[PDB]
Amino acid sequence: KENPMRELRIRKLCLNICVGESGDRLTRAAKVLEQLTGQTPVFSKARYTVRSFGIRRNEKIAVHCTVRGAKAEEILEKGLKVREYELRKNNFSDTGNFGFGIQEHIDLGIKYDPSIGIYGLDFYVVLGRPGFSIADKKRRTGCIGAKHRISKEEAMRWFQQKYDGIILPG
Amino acid sequence: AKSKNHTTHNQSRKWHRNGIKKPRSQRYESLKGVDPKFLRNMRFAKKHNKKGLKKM
Amino acid sequence: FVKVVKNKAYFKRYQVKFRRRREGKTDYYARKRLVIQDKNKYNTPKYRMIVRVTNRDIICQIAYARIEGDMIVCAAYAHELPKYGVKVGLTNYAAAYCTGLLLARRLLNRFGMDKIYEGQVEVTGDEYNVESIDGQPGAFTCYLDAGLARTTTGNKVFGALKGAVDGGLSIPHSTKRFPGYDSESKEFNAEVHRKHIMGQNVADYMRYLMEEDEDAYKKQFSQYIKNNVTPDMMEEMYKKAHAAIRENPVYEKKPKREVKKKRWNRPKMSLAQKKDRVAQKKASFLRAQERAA
Amino acid sequence: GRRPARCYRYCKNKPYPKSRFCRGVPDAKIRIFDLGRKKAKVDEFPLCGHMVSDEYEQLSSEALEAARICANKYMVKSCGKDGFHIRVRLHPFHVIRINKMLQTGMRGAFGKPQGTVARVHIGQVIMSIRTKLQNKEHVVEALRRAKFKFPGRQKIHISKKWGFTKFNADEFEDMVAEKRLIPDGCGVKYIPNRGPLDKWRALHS
Amino acid sequence: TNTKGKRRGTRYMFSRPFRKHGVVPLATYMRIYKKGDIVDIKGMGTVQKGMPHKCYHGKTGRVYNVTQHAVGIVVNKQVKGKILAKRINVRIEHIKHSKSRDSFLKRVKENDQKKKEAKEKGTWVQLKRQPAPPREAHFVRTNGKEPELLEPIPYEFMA
RNA sequence: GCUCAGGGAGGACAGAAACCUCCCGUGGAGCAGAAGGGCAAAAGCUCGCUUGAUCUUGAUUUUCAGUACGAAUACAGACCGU
RNA sequence: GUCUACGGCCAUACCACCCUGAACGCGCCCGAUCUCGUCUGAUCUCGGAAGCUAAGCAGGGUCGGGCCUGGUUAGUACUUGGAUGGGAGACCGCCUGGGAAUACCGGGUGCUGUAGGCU
């Protein structure tokens, strides 16, 4: 018998498409997240100039969108239907989180507007518990305590139980 | 020709000959450098002392 | 392997912040400005009104700062309003208004300025603030201690400010952060404030659920139906409570009960007990070792 | 070549070390400080000799290398390859300056660094040789020879400490047998009654 | 010649102590400075507005003027020959109440209570301070024991 | 309104290095410049609104002859900003 | 015995992990119609009261780390004053007063102001 205030919810599903280029090329990159989620994404400026790849300072190279609540599990479901409910064990982070990156964007159930082309994206799942929110208040904040934190072998045995997912090594 | 740059050799001896006299301290120091809002009000209080002379 | 950032040297060099700031309560950057006094005032107490909205309560105090610790003259809690009429909805804008009103009425009764400085009796939400009269004692001037709460338009602390303002407290303010202020239009609608003060934004949501889904209404307004406090009871329940607060704000205290003096905590362990524990631990280790091999 | 030590013998100046203020310093003649069979246990070399200073003087980096090689190759000739361990216990951290002529005069004569010199105090140990109790009349000769490559007065003292440790020779093996001391390569780790108790149970495993 | 300038040789003087950095305690601002009370000056680095010159750091003067944020001190500064009592405007973070006057005013009040009480009776209370007088005669009891003999230790070459 | 330098770990192409996410992080960053001091719900970073970098008497500090300049600190009378 | 709001001194209060928390509180918690703000009601603002001490918080624990505070180190290092003292010097010894700092060994682990509850 477990405490119902020790449940494990998805806090957010963080999607990002880093195209590494700027302009109208990136303007079309926003539409595939906006169609997939149903909410507008937000751009990210390149941090500093490195020329080897072909970026420069404060030029927009990436688009990202974070989904909370009911729709976070809906977008994650079609991410693991692509992956056939198999993640490598090294996908599971030490701080409780996990993530993956699917190859081709249409596989999620978006039709191919001609020339909107081929984008790949990064799924990242931030796992939570009731009372993980007290680390980001303006009132008396605090560390969430050691018993309450999510480990890696907690995060994978959640994945093993929820989606009936097969956690292959490597 | 070069010369000695600076010293303070005979100066301690020189100061003490006529003695080190402290500032001439008194009762009733001047009101120069006091807050001039406070000072103008203090001057009105002095001006209006004879109005309450009969009770005194 | 990687370098340990919480070194024994880290702990040596480490300086803790002020306790209130560690716990996460007081902004000392704010307090320095709110609290201290112009040095050509000398022991003129600088009064501030403290409004803190918890999960189930609204705490309104008046304080003046000392070297020992700021001395609270008057306090008005949100769970005192059940005496005056308001049973449910104690962390909303009408609750905040009655609390801020009650704190003004309680103070003015204690200092004998209850009959002089009646205040705004008919509640409207307009730009009111109190004028001092010739011959009578001057009006009580105090400054709002907002705290850490992000002070955006229609924050509950401003409801408490408005109640005290109409109560007779001479708080300095503007009507940019009262509800009914249109951000784009940049003018002030006193009627939308009055709807909020009399708590009809509550009553309109109650109607919205009662005509959309009466089971969603059962979940949301669960304790309103325990008392049967209804959308047309709503305005009468607050405009009655304003008159009841103004008629009698004097606080009768909760009287002290005899103590059993029973302890609930574990007391601090002694040196003798701590040393005997280690003696027993080291003894039982070598007890287990000789029986094992 | 270079000047005599007579010029740079006495501790005249404030310690002017190799810093970001003094750069352009040549490398010291003493680089290897401790040699012999350095990878030796505490137990196998119980005896410890010291050569102790007597003057408040500056000792050359070059004199420390000369004294090290002299003591080394006497102790190599005496007890052999793996029967001692020398430490030179003064690191030359004092830059000495030289106002170089070659036609100037004395218009701003602040020197360029000549080299490094090891500044000493009275009773401060210069060198130390730890070996067996067998090689008691070899250590004294080795350090007695080493004296000659130094200026001033140098005394010798066969110490009460068990080799290069901080504990007396007649407490050491009793303190090891009651597990207050831990053999730690060339030194010993003193572990008191202060940590967690898993420390204590893992010690008495 | 030295470089002139206001903060030249104030490196450790106007520094904050070890683990005493950051936020300034508020009692500092809440202490009440009257016109006359004797006040010792100590510059602070944390607050850069309204410092005393390094000439005054550690000197004690008296208050002749109190404005909103600062007080006027009259400090005796020495030049070559003569001493100048001179009038500085220093912020109240760089200022403390001297406890030199809190030992005198306790004396006066106790000294006067000892003349309120014992003026009518004829019992005469000595008020003035004596320096520690030469010690009184007494009997150093050897309670059974004969004193232990101390003889100097022979020399042993330590390190 | 946030929190920095650096680090650990994860995530399509993506690597030592583009971008996202969590954890540790007393200042190991930044504050135009030399160096010292100082600073973490800030003095740093990002936003919003602006012109107190405006008009006007005296006092005072620093160099000091206890003079000027330079620079500064506390006030007072206005008009303003937030 | 103990919390809440506002605090004073600002580690005897901080950090690591474990255990226990009666009653009111404080909370997590539940939602997004009005207020208000975001890529996203996560934060912020708002309207709630079905659940829960799991976390925050409180009390306690640890031959804990740190911090505080004694002892030791040691009348040691240094130092005011003195000598037609020693010494080729480098530096020493004495007389006359003052006197530290590590390693190392113990002991302690928040005090309290105003105002208002719970027992």
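Numbers in chain C come straight from Swiss-Prot, and the residues shown are 3-295, in order.
Quick reminder: no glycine exception, Cβ is built from N, Cα and C everywhere.
Some features that Swiss-Prot has for this protein:
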type	residues	note
COMPBIAS	C:258-268	compositional bias 'Basic residues'
CROSSLNK	C:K220	SUMO1 cross-link
CROSSLNK	C:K220	SUMO2 cross-link
MOD_RES	C:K5	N6-acetyllysine
MOD_RES	C:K48	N6-acetyllysine
MOD_RES	C:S185	phosphoserine
MOD_RES	C:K220	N6-acetyllysine
MOD_RES	C:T232	phosphothreonine
MOD_RES	C:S272	phosphoserine
In chain order, residues whose C-beta lies under 8 angstroms from the C-beta of C:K5 (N6-acetyllysine), counting only those at least six residues away in the same chain, are none
Within 10 A of the CB of C:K48 (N6-acetyllysine), the number of other CB atoms across every chain shown is 18
Check: min Cα-Cα distance from C:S272 (phosphoserine) over recorded positions C:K48, C:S185, C:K220, C:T232 goes to C:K48
DSSP tally for the compositional bias 'Basic residues' (C:258-268), helix/strand/coil in that order, comes to 0 helix, 0 strand, 11 coil
The rounded CA-CA distance in Å from C:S185 (phosphoserine) to the residue listed as 'phosphothreonine' is 32
For C:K48 (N6-acetyllysine) and C:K220 (SUMO1 cross-link), the CA-to-CA distance in whole Å is 47
Counting every protein chain shown, other Cβ atoms within 10 Å of the Cβ of C:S185 (phosphoserine) number 8
If you tally other C-beta atoms within 10 angstroms for each of the modified residues C:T232, C:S272, the top scorer is C:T232
Cα of C:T232 (phosphothreonine) to Cα of C:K220 (SUMO1 cross-link), in Å and rounded, measures 13
CB contacts under 8 angstroms to C:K220 (SUMO1 cross-link), restricted to the same chain and 6+ apart in sequence, sorted by sequence, are C:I227
